[PDB]
Each structure stands twice: as structure tokens, then as C-alpha cells.
Amino acid sequence: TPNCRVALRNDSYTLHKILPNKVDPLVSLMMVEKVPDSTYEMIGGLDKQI
Amino acid sequence: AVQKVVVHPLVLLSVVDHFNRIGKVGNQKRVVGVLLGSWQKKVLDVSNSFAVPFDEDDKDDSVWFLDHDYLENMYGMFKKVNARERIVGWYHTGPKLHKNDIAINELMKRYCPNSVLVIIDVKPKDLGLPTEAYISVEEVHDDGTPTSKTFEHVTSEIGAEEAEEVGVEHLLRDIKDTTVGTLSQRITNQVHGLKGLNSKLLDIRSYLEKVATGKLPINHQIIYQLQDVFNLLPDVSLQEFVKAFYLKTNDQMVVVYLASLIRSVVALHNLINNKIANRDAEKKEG
Amino acid sequence: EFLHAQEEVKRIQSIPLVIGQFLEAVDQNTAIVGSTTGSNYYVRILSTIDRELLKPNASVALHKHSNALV
Amino acid sequence: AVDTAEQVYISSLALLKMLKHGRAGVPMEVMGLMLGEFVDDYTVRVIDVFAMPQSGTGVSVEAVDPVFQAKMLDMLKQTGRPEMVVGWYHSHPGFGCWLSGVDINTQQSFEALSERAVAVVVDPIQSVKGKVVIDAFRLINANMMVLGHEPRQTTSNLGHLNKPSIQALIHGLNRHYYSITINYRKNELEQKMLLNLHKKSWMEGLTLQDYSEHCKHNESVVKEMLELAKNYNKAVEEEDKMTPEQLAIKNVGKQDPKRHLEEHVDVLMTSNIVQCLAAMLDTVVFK
């Protein structure tokens, strides 16, 4: 599977389990998870660029 | 100027070994060996030790033999394998000590200046009685009494090391005596904490009635050492105890009064959730 | 025996240990953590550790041998 | 010939020599000789263990002049009792327990010179919490590799006394050597007096907890169960009145049940009912 992680043994180096949840370390800056911070009308004027 | 000694739980096992290393053919009924130690600053420590061939005839009780060549090699062998450990003294077992123990001590003070002896108990092990240690002191006697030795007592304790304490817990595996106790071990610590109390108090009057009769001569040393016990016990009269005892007794009854309140609400809530789940499985089974 | 198991879990944590960071959580009682020495690991967690404290890359504790979220 | 019912009989004072000599040199792989007795074909005992001086590094260990060993065993004959050696030991502090390169060479030398010569592996830095990973191993011949290796099932007690983990069966198990079972020779006048001197007390029961910090400790216990009672009020009653599922996230990853709020009450009773009654005896006993 592309970008798949496994559980690997540390002494014999054998497979233990397929891991779920594909590789994405440091997603704290990503996935902002909160939509209400500002509405739409509070810009004004520059309506062409919108 | 020895405060106390620290006996690791290894050396007494070597004594119980050497108490059985001779009992197959020996009728010596005492084990005398060489105690090795680590004198650090003021407190004494004992890590390793070994034994030495020693006999003693009951006739004339003044004849003994120590093996010096075996003492010179094997202590020298231990120095090569471990240049940390050195001599601190000797040891013997048996409660009743023979009277060559001054003659053994005054010889091997050429090895150790602060020579020390440790008495252990192999058979008297039923009550609470630890190992015992004395010290080599030389005074006259008291003031105007004839001269003697008078081995003074030094108090003793037991301390392990890090591996020497963790390796013990793996060996027992039978009761193991967990830490802070759930009201059953703590009362027994007051039960057998008091079983050794009157065993001391029966022992005081046994020596006292022995000397109130007058068979053995008196020692003034133990008299005032006993006399400050009785005129220094507290007397509970008024405003120093009977006020201040209730101030901490009516204090501690407030917090156990929460245990009356809280634990009754705990089991009541567990009663409600079962009586809901009982009648709802009952009304829907049919 | 139940008082034995309380003391066993009690003295599994009071030891000198290393500090890593929580990375991810697989499911119930199993997570993915990486230490500060690189080399992202895969161990199990305990039930005493509250599961509503482990959303971000938070500072956690690890054993030296079992390497678990102690 | 070879059985699967062997039990080495180590003594209690043997194992205390093992951990103390192993903790003495941690980063330099201590190394000594194991002294015991072969009482029959397949039970071997070992009671007293001496040590040898070393000059080895942190990954290998050499020896010293062999005029030390024969002079040691000569002097142990006249004092105590004499025996003949039954094996050897070392310490593997870093990894677990398996026999290295020169470890199998010195094993072949001893089983040919002496009879069978069981080797023992000790990890000193693992025996920390309450448990020890000491184990003993034993070389098998390479000629009998078409028939059984530790064959001939006499008993059925050889399966639950040892379960080799994944880190053990990769180096030599079971094609090179095999493992052997360990029990502890516990008796009387050695074991009872071992606990008659370590975990004992005289005045610990009848001694006050010195109320300068006893009732001071009870302040910080009442206030924290106060906050847990603040937490308890909303939690159950909101969960039951919104959805009666008796299930999810208040079931899968929670910790505030009715298991947490009474154990602080449990500690607060045992610390005080004892402490109340300890101050009741001395009112009667001490006049």
C-alpha cells in the first residue's frame, strides 16, 4: 500500500501488524478544525478580487 | 566513636552457611570467622565476610587457635579481586559467649584499630531479636572498682543495597507484606509491637529480683540508667493533655465523618443502577 | 492479589525514565510515539493514563526497556 | 541420556553473590566461576559461589593468572567444605541472555574438561522493579541434529517453567544450546530468619505520625476529593438524562467513575483510624 506503515519487531526485524492512519507527522499546523473566526461581509470595497 | 553498624543481608547467610558447613562432624556449637567491612566516616558498613578454622576446649576455657596464614592469604586474595573491601573485625555466634573473646580481640587489633565483633543468632530466632554488636574499649572499671574489659554495646541496624534489596523480594514469594497497610497489617504492627514490650518488661524485673535478692553484685551503672526511665514518663493531668488531646481527636473525627457520608452515597448509587437494570431486563424478557 | 497489582502498577512509574513525545494513537490501549532520540517507536499504553489528554504532540514519559507510555 | 526434568538448585546466598558481583562492575562484564555438586545424573545443586578478578572491557572479558584458582580451591577445602566446580557465569548488562562467540568456546572447554558445566547469564541492570531475568543455559552437541535435541519427554512440567521469548530464540535456541529450569532451594533457619531481620519493627506500631505534617497532609486530601466531587455532580446525571446508551466516549476513554472517589476516602481512613487508635494506647499504657 502506498505510504503504508507497519509494526516492526526490534530484535528479529519481522512484521507484526499493518498500521492504519497513513503518514502525516506534525499536522498541528494543518487541520485547523475551526471554521468560525470571521464572516463574509467584514471586508468590503475589494469585491472584484473576491 | 561508632554510632551504629550496617549489616548487609549477605554476611549472615554466609554464617548460616558456615553453621551448616561444620555441623556434619563438628560438635563445636559455635562459629567464629572474620568480618570484613567498609568504614566510611562514622557509621560502619559490612559488605562481605568469610570464616576461619577455630576450636575451643571447654576445659580451662583459655585455649584457642586461629589460622593466621589462611587469614593472610584469603584477605589478600579478596584485596586483589576487590580493592574496596577491608577488615573491620570478627564475629561469632551462640548467645552465651565464651571468655576467649577478649583474647581473640586483643590479638587481631593489630589488623584493625577499631576492632568490632558481631553476635548473630541462628537458633534463637523465634521472637523479635536482631543481631548484636559490642565494641573494644579499655577503661579501669568505673571509679574505684577493680579493672576489667567491659565490652560496651553499640546499637545495630540492617541495611541492604539496591540489588541486595530487589533480589530479596523475588526470593520470598509467600506473603510479601505490601506497603501501606489496609487496617490489618497496621493493627498487628501494634499487636506484635507490644508483644516485645512486656517481654522486655518481664526481663527487667527478672534481673531486678535477681539483684534484689543479692546473688550477683550490683552495678551502679544500670541503676541510674533505669532510674531516669521512671521519673521521665509523662503524667497526664490537666490543660496540657486533656485539652490538647481532644483538639486532635475531635479534629480527626471530622474527616472520618466524610467516610460515613461519602461511602453511603457510593453503595446507594450502585444499588439504584442495579435495581434499574434488574426491573428493565425483567419487564422486557417476557 | 489485587493489592499486589496496585503496588506493581505503582512502582512501574516511579523510576528514572526518558521523555518522548506523543505522536499518534492507533486505537484503544495502543499508540504510536516517537522519542527525542529519533527512531519513531510503537508501544502500548496504560489505562491509568487519561485518554482525553493526548490530542497534540504532548510531552510524555517512556520506559528505558519496555519503552511504553508509562 | 539428556533429560528435560533438570532443575538447578541454587541457594539463596548464591544468588546474592551473583547480583552484588554483577552490580559491582556494571560497564565491564564481570566474570566468575560457579561451584556446586552433582548429586545424581540430572539434578545439580550450587550453594556457594566465589569470584575471579577480571581485566575485560565492556563487551568482552578476559581472565587472570590461573595460579589464583587452584590456590583458592585448595584453601576452601580446609575451611567449610570442598567441592568440584559445576559451571561458570558472567554478566550481559546490555542485551538479554544468549551465548556469544567466545561464550560458546569456553563452554566447549568446560564440558570436555569437567562433565556438563551449566553456564548462567545475569543482567544486573534489569533486576530493578521486583523481578530478575537470570537464566542458565547449556550446550547441546551438534552430531545429534537428525534426532531429538533435548528429547525423551519423561514429565510434562517442562513447558510452563520456561517460555523462550523472541529475543532468545534468534541467537542459539534451539539449534545450538538449550535452556534449563530454575527453582529455589528454600528451607528453614535461613528463610524465616531472612524475614525476621529485614521487614521487622518494635516501636513502629506505637509511634505517632507527628501531627505537624499529619493533619497538614489531610488538608491536601480533602481539597482534591472536593474537586472530584465537583466533577462528579455534573458527570453522571448529565450522562443519564441526555442519552441512555450505557456506552460511548464516557465508556471508552474516561477516568472519573465511582472507582476514583472512594479510594481517597480509603486512604484517609487507614491513615487516621490507625493514627487515632495509636494515640489511645499510650494514654493507658504510659500511666
# chains A, B, ... in the order shown; residues from 1 in each chain; ligands from 1

$ interface_residues --of "chain C" --to "chain A" --cutoff "9 Å" --atoms "only C-alpha atoms" --output "PDB file with N, CA, C and O atoms, in the first residue's frame"
ATOM      1  N   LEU C  23       2.973  10.996  19.462  1.00  0.00           N
ATOM      2  CA  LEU C  23       2.757  11.335  18.065  1.00  0.00           C
ATOM      3  C   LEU C  23       1.326  11.065  17.618  1.00  0.00           C
ATOM      4  O   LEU C  23       0.606  11.995  17.241  1.00  0.00           O
ATOM      5  N   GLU C  24       0.893   9.807  17.676  1.00  0.00           N
ATOM      6  CA  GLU C  24      -0.428   9.420  17.195  1.00  0.00           C
ATOM      7  C   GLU C  24      -0.984   8.327  18.092  1.00  0.00           C
ATOM      8  O   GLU C  24      -0.282   7.769  18.938  1.00  0.00           O
ATOM      9  N   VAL C  26      -3.329   4.732  17.761  1.00  0.00           N
ATOM     10  CA  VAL C  26      -3.938   3.750  16.868  1.00  0.00           C
ATOM     11  C   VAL C  26      -5.401   3.542  17.227  1.00  0.00           C
ATOM     12  O   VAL C  26      -6.302   3.773  16.412  1.00  0.00           O
ATOM     13  N   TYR C  41       8.758   4.930  17.477  1.00  0.00           N
ATOM     14  CA  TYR C  41       8.501   3.603  18.017  1.00  0.00           C
ATOM     15  C   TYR C  41       7.033   3.219  17.878  1.00  0.00           C
ATOM     16  O   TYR C  41       6.236   3.917  17.243  1.00  0.00           O
ATOM     17  N   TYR C  42       6.686   2.084  18.480  1.00  0.00           N
ATOM     18  CA  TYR C  42       5.316   1.584  18.501  1.00  0.00           C
ATOM     19  C   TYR C  42       5.152   0.728  19.747  1.00  0.00           C
ATOM     20  O   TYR C  42       5.657  -0.396  19.797  1.00  0.00           O
ATOM     21  N   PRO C  56      -2.523  16.653  21.221  1.00  0.00           N
ATOM     22  CA  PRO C  56      -1.407  17.196  20.431  1.00  0.00           C
ATOM     23  C   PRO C  56      -0.136  16.388  20.586  1.00  0.00           C
ATOM     24  O   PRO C  56      -0.139  15.297  21.164  1.00  0.00           O
ATOM     25  N   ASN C  57       0.961  16.924  20.056  1.00  0.00           N
ATOM     26  CA  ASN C  57       2.283  16.393  20.341  1.00  0.00           C
ATOM     27  C   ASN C  57       2.695  16.796  21.748  1.00  0.00           C
ATOM     28  O   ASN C  57       3.429  17.772  21.929  1.00  0.00           O
TER      29      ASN C  57
END

$ interface_residues --of "chain C" --to "chain D" --cutoff "8 Å" --atoms "only C-alpha atoms" --output "NGL selection string"
:C and (11-12 or 28 or 48 or 50-52)

$ closest_residue --among "B:175, B:1, B:140, B:158" --to "chain C" --atoms "only C-alpha atoms"
B:175

$ closest_atom_pairs --of "chain B" --to "chain D" --cutoff "8 Å" --atoms "only C-alpha atoms" --output "Markdown table"
| residue | atom | partner | partner_atom | distance |
| --- | --- | --- | --- | --- |
| B:9 | CA | D:194 | CA | 7.8 |
| B:10 | CA | D:16 | CA | 6.7 |
| B:13 | CA | D:13 | CA | 5.9 |
| B:14 | CA | D:13 | CA | 6.9 |
| B:16 | CA | D:190 | CA | 6.8 |
| B:18 | CA | D:80 | CA | 6.2 |
| B:21 | CA | D:80 | CA | 4.9 |
| B:22 | CA | D:80 | CA | 6.3 |
| B:51 | CA | D:79 | CA | 7.3 |
| B:52 | CA | D:79 | CA | 6.4 |
| B:53 | CA | D:79 | CA | 6.0 |
| B:70 | CA | D:75 | CA | 7.3 |
| B:74 | CA | D:72 | CA | 8.0 |
| B:80 | CA | D:53 | CA | 7.0 |
| B:81 | CA | D:53 | CA | 4.6 |
| B:82 | CA | D:53 | CA | 7.8 |
| B:122 | CA | D:189 | CA | 6.9 |
| B:123 | CA | D:189 | CA | 7.4 |
| B:125 | CA | D:193 | CA | 6.5 |
| B:128 | CA | D:196 | CA | 7.2 |
| B:130 | CA | D:197 | CA | 6.2 |
| B:158 | CA | D:198 | CA | 6.9 |
| B:163 | CA | D:19 | CA | 6.1 |
| B:164 | CA | D:16 | CA | 6.5 |
| B:166 | CA | D:130 | CA | 5.8 |
| B:167 | CA | D:16 | CA | 7.2 |
| B:169 | CA | D:130 | CA | 6.4 |
| B:170 | CA | D:131 | CA | 6.1 |
| B:171 | CA | D:12 | CA | 7.7 |
| B:172 | CA | D:191 | CA | 7.8 |
| B:181 | CA | D:270 | CA | 7.6 |
| B:182 | CA | D:270 | CA | 6.2 |
| B:183 | CA | D:270 | CA | 5.8 |
| B:186 | CA | D:205 | CA | 6.9 |
| B:187 | CA | D:274 | CA | 7.3 |
| B:189 | CA | D:205 | CA | 4.8 |
| B:190 | CA | D:205 | CA | 4.3 |
| B:191 | CA | D:205 | CA | 7.9 |
| B:192 | CA | D:202 | CA | 7.7 |
| B:193 | CA | D:202 | CA | 4.9 |
| B:194 | CA | D:202 | CA | 7.7 |
| B:196 | CA | D:202 | CA | 6.8 |
| B:233 | CA | D:286 | CA | 7.0 |
| B:234 | CA | D:286 | CA | 7.3 |
| B:235 | CA | D:287 | CA | 6.6 |
| B:236 | CA | D:287 | CA | 7.7 |
| B:249 | CA | D:276 | CA | 7.0 |
| B:252 | CA | D:272 | CA | 6.9 |
| B:255 | CA | D:268 | CA | 7.7 |
| B:256 | CA | D:269 | CA | 6.2 |
| B:258 | CA | D:265 | CA | 7.9 |
| B:259 | CA | D:265 | CA | 6.1 |
| B:262 | CA | D:262 | CA | 7.5 |
| B:263 | CA | D:262 | CA | 6.8 |
| B:266 | CA | D:258 | CA | 7.0 |

$ residues_around --residues "residue 177 in chain D" --least-positions-apart "3" --cutoff "7 Å" --atoms "only C-alpha atoms" --output "PyMOL selection string"
chain D and resi 137-140+172-174

$ closest_atom_pairs --of "chain B" --to "chain C" --cutoff "12 Å" --atoms "only C-alpha atoms" --output "tab-separated table"
residue	atom	partner	partner_atom	distance
B:173	CA	C:4	CA	11.4
B:174	CA	C:1	CA	11.6
B:175	CA	C:1	CA	10.3
B:176	CA	C:4	CA	9.0
B:177	CA	C:4	CA	9.4
B:178	CA	C:4	CA	7.1
B:179	CA	C:7	CA	7.8
B:180	CA	C:7	CA	9.7
B:181	CA	C:3	CA	9.7
B:182	CA	C:3	CA	9.3

$ select_by_dssp --residues "chain C" --states "helix (DSSP H, G or I)" --output "ChimeraX atom specification"
/C:2-10,51-53

$ interface_residues --of "chain D" --to "chain A" --cutoff "12 Å" --atoms "only C-alpha atoms" --output "ChimeraX atom specification"
/D:95-96,165-171

$ atom_distance --atom1 "CA of residue 77 in chain B" --atom2 "CA of residue 32 in chain D"
14.2 Å

$ residues_around --residues "residue 110 in chain B" --least-positions-apart "5" --cutoff "12 Å" --atoms "only C-alpha atoms" --output "ChimeraX atom specification"
/B:87-89,104-105,115

$ write_last_selection --atoms "C-alpha atoms" --output "mmCIF file, in the first residue's frame"
data_model
loop_
_atom_site.group_PDB
_atom_site.id
_atom_site.type_symbol
_atom_site.label_atom_id
_atom_site.label_comp_id
_atom_site.auth_asym_id
_atom_site.auth_seq_id
_atom_site.Cartn_x
_atom_site.Cartn_y
_atom_site.Cartn_z
ATOM 1 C CA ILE B 87 38.975 -5.681 57.585
ATOM 2 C CA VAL B 88 36.697 -4.282 60.268
ATOM 3 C CA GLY B 89 36.719 -7.103 62.808
ATOM 4 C CA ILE B 104 40.739 -13.206 70.292
ATOM 5 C CA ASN B 105 40.013 -9.470 70.180
ATOM 6 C CA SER B 115 38.004 -3.746 66.073
#

$ select_by_dssp --residues "range 33-130 of chain D" --states "strand (DSSP E)" --output "number ranges by chain"
D: 33-38, 43-46, 84-90, 118-121

$ residues_around --residues "residue 17 in chain C" --least-positions-apart "6" --cutoff "8 Å" --atoms "only C-alpha atoms" --output "list in words"
residues 61, 62, 63 and 64 of chain C

$ atom_distance --atom1 "CA of residue 206 in chain B" --atom2 "CA of residue 139 in chain B"
28.5 Å

$ atom_distance --atom1 "CA of residue 8 in chain B" --atom2 "CA of residue 79 in chain B"
19.2 Å

$ residues_around --residues "residue 49 in chain B" --least-positions-apart "2" --cutoff "10 Å" --atoms "only C-alpha atoms" --output "PDB file with C-alpha atoms, in the first residue's frame"
ATOM      1  CA  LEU B  10      24.592 -11.306  52.745  1.00  0.00           C
ATOM      2  CA  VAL B  11      27.013 -11.973  55.568  1.00  0.00           C
ATOM      3  CA  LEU B  12      24.536 -13.622  57.953  1.00  0.00           C
ATOM      4  CA  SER B  14      27.335 -16.913  54.985  1.00  0.00           C
ATOM      5  CA  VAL B  15      27.210 -17.571  58.725  1.00  0.00           C
ATOM      6  CA  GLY B  33      35.007 -16.111  61.476  1.00  0.00           C
ATOM      7  CA  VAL B  34      36.475 -12.874  60.122  1.00  0.00           C
ATOM      8  CA  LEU B  35      34.249  -9.873  59.473  1.00  0.00           C
ATOM      9  CA  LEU B  36      35.178  -7.558  56.604  1.00  0.00           C
ATOM     10  CA  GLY B  37      33.817  -4.041  56.392  1.00  0.00           C
ATOM     11  CA  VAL B  46      29.657  -4.658  56.406  1.00  0.00           C
ATOM     12  CA  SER B  47      29.506  -5.973  52.837  1.00  0.00           C
ATOM     13  CA  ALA B  51      35.239 -17.777  58.082  1.00  0.00           C
ATOM     14  CA  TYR B  75      42.104 -11.423  52.804  1.00  0.00           C
ATOM     15  CA  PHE B  78      39.932 -10.504  48.349  1.00  0.00           C
ATOM     16  CA  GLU B  85      36.728  -4.028  50.996  1.00  0.00           C
ATOM     17  CA  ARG B  86      38.945  -4.312  54.050  1.00  0.00           C
ATOM     18  CA  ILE B  87      38.975  -5.681  57.585  1.00  0.00           C
ATOM     19  CA  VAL B  88      36.697  -4.282  60.268  1.00  0.00           C
ATOM     20  CA  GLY B  89      36.719  -7.103  62.808  1.00  0.00           C
ATOM     21  CA  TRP B  90      35.307 -10.558  63.509  1.00  0.00           C
ATOM     22  CA  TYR B  91      32.106 -12.330  64.503  1.00  0.00           C
TER      23      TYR B  91
END

$ residues_around --residues "residue 28 in chain D" --least-positions-apart "4" --cutoff "10 Å" --atoms "only C-alpha atoms" --output "list in words"
residues 22, 24, 54, 55, 56, 57, 58, 59, 60, 61, 91, 92 and 93 of chain D

$ closest_residue --among "A:5, A:50, A:44, A:38" --to "residue 23 in chain A" --atoms "only C-alpha atoms"
A:5
